[PDB]
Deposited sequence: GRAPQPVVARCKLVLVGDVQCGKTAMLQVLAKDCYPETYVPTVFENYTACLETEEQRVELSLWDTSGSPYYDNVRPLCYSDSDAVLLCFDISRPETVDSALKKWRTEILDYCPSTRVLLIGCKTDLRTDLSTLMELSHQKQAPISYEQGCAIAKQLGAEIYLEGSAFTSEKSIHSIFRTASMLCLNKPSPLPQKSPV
């Protein structure tokens, strides 16, 4: 039995993963979260209690309540948004509320590395999507155990992979 909490900027992809992971369903339309609990099972069999949270400052006062007795925190970001790489706020929040718990860095929307319109918009700001090895470096620099990434839209398999590794780490 493991309790995981997902945090990170609004629209970064946290609920999309949990829904794919636990509900067999990709939510293509953005509906902002307040707080929610999913239950998944990943083969020892491990029962995951997964706590989804708002990435909004508006809910800064309730989201920290989700950290209590957690096994790990999944600090999430959007790979197509090298501005969601705020992970500064996020890591300081996790440390202030939750200093005993380990931290995993999770990159989301990896499918967008080959999305032309994303690449065109990024390149007009002289930017590029976060790469895998950049994600490994950021993990190290934020003092996270490991970097993991997937795409909830194009690879359910990758999302299952993220959580099976998170499971192994909390146990």
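*Asks:* Give me the ranges of the deposited sequence that have no CA atoms here, in sequence order.
*Replies:* No C-alpha for residues 1-9, 53-55, 98-99, 186-197.
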